[PDB]
Number of protein chains: 4
Amino acid sequence: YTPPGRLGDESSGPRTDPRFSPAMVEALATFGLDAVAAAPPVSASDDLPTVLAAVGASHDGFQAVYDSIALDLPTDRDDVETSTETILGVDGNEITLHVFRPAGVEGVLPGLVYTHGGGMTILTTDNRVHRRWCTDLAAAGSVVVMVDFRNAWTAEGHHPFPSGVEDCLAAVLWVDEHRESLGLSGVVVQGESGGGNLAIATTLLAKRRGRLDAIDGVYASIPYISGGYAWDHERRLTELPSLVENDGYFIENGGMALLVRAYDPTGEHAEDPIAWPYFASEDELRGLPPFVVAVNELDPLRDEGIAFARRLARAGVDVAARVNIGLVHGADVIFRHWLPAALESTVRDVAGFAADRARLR
Amino acid sequence: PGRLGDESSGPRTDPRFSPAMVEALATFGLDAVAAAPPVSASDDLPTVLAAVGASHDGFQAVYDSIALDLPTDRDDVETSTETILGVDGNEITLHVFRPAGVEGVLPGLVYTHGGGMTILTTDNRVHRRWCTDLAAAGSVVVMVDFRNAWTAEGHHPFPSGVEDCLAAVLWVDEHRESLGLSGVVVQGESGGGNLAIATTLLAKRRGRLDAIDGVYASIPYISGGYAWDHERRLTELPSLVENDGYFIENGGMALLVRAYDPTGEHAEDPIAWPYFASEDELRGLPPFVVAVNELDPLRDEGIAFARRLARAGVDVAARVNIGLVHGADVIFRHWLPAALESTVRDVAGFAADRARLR
Amino acid sequence: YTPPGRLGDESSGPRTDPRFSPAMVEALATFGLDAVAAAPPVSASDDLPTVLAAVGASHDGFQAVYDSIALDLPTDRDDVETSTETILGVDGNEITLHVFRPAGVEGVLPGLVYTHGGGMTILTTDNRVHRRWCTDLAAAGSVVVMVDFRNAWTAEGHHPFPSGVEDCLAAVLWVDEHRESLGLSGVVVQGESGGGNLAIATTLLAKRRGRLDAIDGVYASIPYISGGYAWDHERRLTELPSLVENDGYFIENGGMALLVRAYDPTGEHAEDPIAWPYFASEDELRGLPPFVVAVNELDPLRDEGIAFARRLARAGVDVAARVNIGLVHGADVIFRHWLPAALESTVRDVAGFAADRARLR
Amino acid sequence: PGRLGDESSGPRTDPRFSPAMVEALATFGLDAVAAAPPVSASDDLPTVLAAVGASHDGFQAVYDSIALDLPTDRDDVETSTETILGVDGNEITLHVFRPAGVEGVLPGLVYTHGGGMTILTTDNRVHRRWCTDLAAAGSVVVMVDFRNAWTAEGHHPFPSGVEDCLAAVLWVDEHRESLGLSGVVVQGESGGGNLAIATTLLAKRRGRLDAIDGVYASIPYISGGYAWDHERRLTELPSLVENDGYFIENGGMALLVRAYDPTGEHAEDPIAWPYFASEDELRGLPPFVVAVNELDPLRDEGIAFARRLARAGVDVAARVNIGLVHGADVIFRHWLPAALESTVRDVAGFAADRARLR
């Protein structure tokens, strides 16, 4: 028996692992990401200010991918109107909400609150990749509220845990209060990667504060929830083997451990479930509303999302969980131009789940 | 095909070779199957390094001697030099090529050259001809003089050369405005395709991926598996058996590996050998092209890398260039004008498409 | 040593062959084509009218794919104007030419004549898949003339060899005569599959008739040129092994042999190079203008295009030939919505080759 | 995982199972590893066919007996029947389901049911519940009563059932207008996912691919490799070792194979076993979804088919549904409401997306 990826062969990359489709390799090859991603020169245990500078360069790098890459598909739907709202969060900070809805559709519609990815730490809210995703979901028949929560790293200010989760919780409660004026029949929280982290952590926090009724369901895509990217080789091998299997496929454990450091600079939240929902116990997860957890086959993060979905099921939550074959981390939303069937499948399930939760409220 | 079907197969007898490919190789008696060197990679370092300096002289002599000219070559390009500081306080020379008398922004390409990261000079006529071709097609080309691992005056094993290439790419990114660049793509062949990929992975690790708009990896030398035994080569990367001896051969490549990573402790590090990168480390890279040659022993590791990029969601396009030994379109260009034309059009066009769309 | 695809394992399909990327499988799965394609109920040696009815149903089926599939990419360029011209062909038939050029670009531009696929037998000229391809090429800076040649099968009339090649030759000579009025600096003939057949056969016919000077270069994509799809298993194994390797991956030898029958109903053209350019000898190919031959890795047709490219090189033609990794037959143009890097790569090389031939005229 | 890591692993001891999955299986004592039948597939046909009729009775008894109801089930659907003629002059019943009191065109789905193409009745409450779920979500569903290979009154080996399914799909295509369909997608699970795929390949061969707008293949049973030896199963399709015994097992599936293809001469025909389709035969198919279950021995052949579709350029999306044995979401729906909900949303939504975009 030969295990896949870099479990079975340590020099495996996008160009030699036979799980990759031609289109996935082609998408990656656009930016030179068809080779194995290199660990950066800083380690996460280095001094904070050096860590944070490397985090800043990570933002630049990933943002230039988002701003530059081809996105368009010929089937894309664009008959969407947009509006913005401002609310205040816990520190008296202004939180922008970006609202998307189908043009010329009266009457109540499923609601989705979107928390975007970037490891809770990097990437701008209002950029073309996030707008496309929100428009896709609105054109399928949703009202979509994209939250601009504070990133842990910005050029003008460090905002470690728990500022973003508080910001996302503020927005969910606001939307819940404004179901009537917004014209919503349900509220689902969705997001990918760091946004999947924030979607689950927001739900856990709402439960702690007695306002679990604000959330009708959670769709956690490719969640980034272990915080385990600096663990030694043997712990990653035995506990979350996808962190060895697919390491360096687009994203890489070294760069992720820098973001972990920016989010929790002391490390006193490492086994706190609001920071890192991989450590939620079953008694904490009891009584949550319905979940989907979707992970991607070729993502180092795959095994932590599957573990979370298995613990939900043990806790008696209605969870359906899926592994999306052939995809690197983020591929359906970032590399959608090369992968129309994968994007179509993700839109259908996120919009459909938001419609199912509203129907059965 | 090749030495899978018949162990005695060679350039004169394998029917996938064109007459022009055989003629090019016959120039230096390379139309016979290349023989293993008499030093092994598991010998002492001093003896290995001597044999690698011998190799440098051998390949450098082909580059310095061979016919290289084509009637369609374009020559109206301006050159200059910059000098930057590397990680050791070493000076790194940058050779800059641009089309004479074009104003306004142009696509940029950072070129990392071949030679197993270990041999061959940076400023030589083969490399200059390639950078002039690209610049004449409407690019600004920055060729990087990284430290090789073997030099007559010293040993520079991993990671010196990849640090030198990252330093150059981040300098060029900071000078987009004053160089006049609308994009930065990193491109190289063979050892330089290793470096282009390894520099991009190292930039991702350090938070500086936004410096690189796209990667063009040509005939990449990325497994480090040239000393593996026959059965491991046959089942994991069958081109290392199929085409072994066709211009290059595994015995001599294994010497370069030992020079690069003399302790063998980076054999499965993806920054040294990008073939071991996991799918999770390749998530979120910019667009890639991977081009490999059909009659090259390195073919199958480049394809394996391209399939894993696609599984990771990277926009990759991957091609096998028919009838070509390793390096044939840049070294044996004089014999293969259409092969050279096709590789110039793809690399220059890729750069333009990544500048257009950033 | 294990050979790939169905050489190494006879039950191989899109879902189990590890050469397929996730995106390629997803594209195929849209229409249920992620399973191995079944041989139709008619054989090519059955009676003509039964053959031709099955050919008619093949047209319906493939046309409904073209008319229905998602196509759009967010990077698509649309600033193209279109005009039409009518010329007459050899039988006094009206031949429509559909002309595409970049809006608002004065001055001479590389010309491309496009002959579309469908095995010379099926698929309409003016449909959304062909228009997209022509617009893509025009927006890259080309004048593109799409020829509506007669198909061998239509509802109202059988038109076997050599009506289409004559129609394509008429159009190439017309365009050559109208370089000045059209504003062309070069004329390249390109096409895919049956169109690649017609691009090469047109060139061979122009050479026979003394008007090889009309054509500055040929780009033959995924050519369908052996006519060998009914050959027994052993001949296909020994001579063109991709006809065993990838049979049933989107297209299938059985259905192709029906189209062969429609193109040459008697079979007296089976080893005629104008019908089936796989049988061109080296002395025939001597003196042709520069060629590209591009084949796809996962196409049953792959090995006949590679053989043709190797014979060109032996004949002293300047040929560059490429295998596009990870792709089924037609994937870059038909399944472009899922494979943006592969489409981008094909546009760049076809437009670039047309610009190179015009430059060096 | 599973019996790769520990040969004694079972539903009670493998930690990938949820409590609800184990509870569902315990109903009929299926929480123990299933045992090989005492007839082998290489025994005489008469003895094989008897053992297969025994299997029919066994599975049919589970379908006819088990709790199936969920509180959210929708029931406002109208049924009718049509009868068409097959290739042998056999009558084929079509069961038609549509949402009561909706006018105007709806997405269509042709449903081919499971049972290895050999066992299980068409009109039974498990199948009816699945077609009512889909129709209630806003589809017209046509369930096809194809000939099984085993019947108490006769043997119908390949290709009778796939001819019956093609006949139905072409009839539905010709009646789009009078059925009121905006699209035709073919969907089935297990043996019926074999048929949905094999019907599409047969339509392509006969020139009639435009009848099918898209295929949804659920937990497809497509290799026919259940009698292969352990080492061939371990290296080619490791889930046939990993999950063997989890609800279904290879010994009993090999009996169904012999019933379908009693001479063994269609073992590598793709119309019988779509896993052997080449990439060239899968070129030009309409969009696909392939869904497989994690704890199913058939998992890995479905994934292998999905990767080969993607290599052929077909728009495929492929998913592994976590924590589920073979057939769990349609047979054990009463225990697994979220798994059922997710599969209804995907199959009905896929149909709507293919009707929208045709």
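Taking H placed 1.01 Å from N in the peptide plane, check which residues at least 5 places from B:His155 or on another chain put their amide H under 5 Å from its amide H.
Under 5 Å from the amide H of B:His155: no residue qualifies.
Could you give the nm distance between label points at D:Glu265 and C:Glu85, where each point is 7 Å from its Cα heading toward the beta carbon?
Distance between label points: 5.7 nm.
In nm, to one decimal, how far is the modelled label at D:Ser8 from the one at A:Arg77, with both set 7 Å along Cα→Cβ?
Computed distance between label sites D:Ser8 and A:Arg77 equals 5.5 nm.
Quick one: of the DSSP bridges fully inside chain A, what percent are antiparallel, nearest 5?
Close to 35 percent.
Rank these for me by crowding, D:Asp69, A:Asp136, D:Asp123, going from fewest to most other beta carbons within 10 Å.
Listing D:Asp69, A:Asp136, D:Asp123 from fewest to most nearby Cβ atoms yields D:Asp69, D:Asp123, A:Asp136.
Compare the peptides D:222-230, D:142-150 by average per-residue count of other Cβ atoms within 10 angstrom and give them in order, highest first.
Top of the packing list down: D:142-150, D:222-230.
Please work out the Cα convex hull volume for chain A and give it in Å³ per residue.
With only Cα atoms used, chain A gives 132 Å³ per residue.
Taking the Cα centre of chain B as the origin, how large is its charge dipole in debye, to the nearest 20, when only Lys and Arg (+1) and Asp and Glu (-1) carry charge on their Cβ atoms?
The dipole of chain B has a size of about 780 debye.
Using the Karplus curve 6.51 cos²θ - 1.76 cosθ + 1.60 with θ = phi - 60°, what ³J(HN,Hα) values do you get for each residue of segment C:6-22, in whole Hz, with x for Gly and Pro?
7, 6, x, 7, 7, 9, 2, x, x, 7, 10, 7, x, 5, 6, 7, x
Projecting each Cα onto the charge dipole of the protein assembly as shown (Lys/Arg +1, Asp/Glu -1 at the beta carbon, about the Cα centre), which of B:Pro262, C:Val55, B:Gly225 comes out farthest on the positive side?
C:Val55
In whole angstrom, how far apart do the alpha carbon centroids of segment B:271-321 and segment C:280-328 sit?
For segment B:271-321 versus segment C:280-328, the Cα centre distance is 25 Å.
Give, as ranges by residue number, the residues of segment B:331-347 whose backbone N falls under 18 Å from the point 7 Å along Cα→Cβ of B:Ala26.
Label zone hits: B:332-337.
Extending each Cα 7 Å along its Cβ direction at A:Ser43 and C:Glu94, get the distance between those two points in nm, one decimal.
Computed distance between label sites A:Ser43 and C:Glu94 equals 7.8 nm.
Across chain D, what fraction of all alpha-carbon pairs, as a whole percent, falls in each successive 10 Å bin from zero upward?
Pairs per bin, as whole percents: 5, 26, 37, 25, 6, 0.
Between C:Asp272 and B:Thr81, what is the FRET efficiency for a Förster distance of 60 Å, r being their Cβ-Cβ separation, to the nearest 0.05?
It comes to 0.50.
Using θ = phi - 60° and the Karplus relation 6.51 cos²θ - 1.76 cosθ + 1.60, list the HN-Hα couplings for segment B:175-183 in order, rounded to whole Hz, with x at every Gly or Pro.
10, 4, 5, 6, 5, x, 9, 9, x
What's the center-to-center distance, using Cα atoms, between segment D:122-149 and segment B:101-141 in Å?
Cα centroid to Cα centroid, the span is 64 Å.
Give, rounded to the nearest 20 debye, the magnitude of the charge dipole that chain A has about its Cα centre when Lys and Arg contribute +1 at Cβ and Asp and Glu contribute -1 at Cβ.
Dipole about the Cα centre, nearest 20: 800 debye.
I need B:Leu202, B:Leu85, A:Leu97, A:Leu112 ordered by Cβ neighbour count within 10 Å, fewest first.
Ascending Cβ contact count within 10 Å gives the list B:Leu85, A:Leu97, B:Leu202, A:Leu112.
Among A:34-43, C:263-272, B:168-177, how do they line up by average Cβ neighbours within 10 Å per residue, starting with the highest?
A:34-43, B:168-177, C:263-272
Could you tell me what % of all Cα pairs in the protein assembly as shown have separations over 52 Å?
Across the protein assembly as shown, Cα pairs with separations above 52 Å total 24 percent.
Can you pull out the chymotrypsin sites (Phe, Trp or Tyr not before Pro) in segment A:1-72 whose DSSP state is coil and whose Cβ has at most 13 other Cβ atoms within 10 Å?
Hits after loop and neighbour filter: A:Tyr1.
If one takes the longest principal axis of the Cα atoms in chain B, at what angle in degrees, from 0 to 90 and to the nearest 10, does the Cα axis of helix B:337-357 lie?
40
Out of the GluC sites (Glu not before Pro) in segment C:136-224, which ones are loop residues according to DSSP with at most 10 other C-beta atoms within 10 Å?
Passing sites in segment C:136-224 are C:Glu156.
Which residues' amide hydrogens lie under 5 Å from the amide hydrogen of B:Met117, considering only partners 5 or more residues apart or on another chain, with H built in the peptide plane?
Residues meeting the amide H criterion: B:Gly191, B:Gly192.
Mind pulling the angle between the C-alpha long axis of helix A:253-263 and the longest principal axis of chain A? Nearest 10 degrees, somewhere in 0 to 90.
That helix lies at roughly 40 degrees to the long axis.
Taking beta carbons within 10 Å but only from partner chains, what does the mean come to for residues C:153-160?
That average works out to 0.
Among A:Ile87, A:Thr2, A:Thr125, flag the residue with its Cα farthest along the positive direction of the charge dipole of segment A:1-129, charges on Cβ as +1 for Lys/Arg and -1 for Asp/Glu.
Comparing the listed Cα positions along the dipole, A:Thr2 ranks first.
Using DSSP, restrict attention to beta bridges with both residues in the protein assembly as shown and report what percent are antiparallel, rounded to the nearest 5.
Among the beta bridges of the protein assembly as shown, antiparallel pairing accounts for roughly 40 percent.
In whole Hz, with x marking every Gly and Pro, tabulate ³J(HN,Hα) for segment D:286-299 from phi via Karplus 6.51 cos²θ - 1.76 cosθ + 1.60, θ = phi - 60°.
x, x, 10, 10, 10, 10, 10, 10, 5, 9, 10, x, 7, 3
Identify, among D:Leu357, D:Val102, D:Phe276, the residue whose Cα sits farthest towards the positive end of the charge dipole of chain D, taking +1 on the Cβ of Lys and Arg and -1 on the Cβ of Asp and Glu, with the dipole about the Cα centre.
Result: D:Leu357, furthest along the dipole toward the positive end.
Which residues does the label zone of C:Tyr1 cover in segment B:229-262, counting backbone N under 16 Å from a point 7 Å along Cα→Cβ?
B:230-246
About its Cα centre, what dipole magnitude does the protein assembly as shown give when the only charges are +1 on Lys and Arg Cβ and -1 on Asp and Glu Cβ, stated in debye to the nearest 20?
940
Loop-only check: which chymotrypsin sites (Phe, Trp or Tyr not before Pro) in segment D:20-66 are DSSP coil with at most 15 other Cβ within 10 angstrom?
In loop regions of segment D:20-66 (DSSP not H, G, I, E or B), the sparsely surrounded chymotrypsin sites (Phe, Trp or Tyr not before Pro) are D:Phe28.
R0 = 45 Å: FRET efficiency of A:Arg179 with D:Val105, Cβ-based, nearest 0.05?
Efficiency, rounded to the nearest 0.05: 0.85.
A quick note on method: Cβ atoms are made from the backbone with ideal geometry, for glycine too, and the neighbour counts reach across all protein chains shown. Since every read-out is calculated from the coordinates, none of them should be taken as a lab result.
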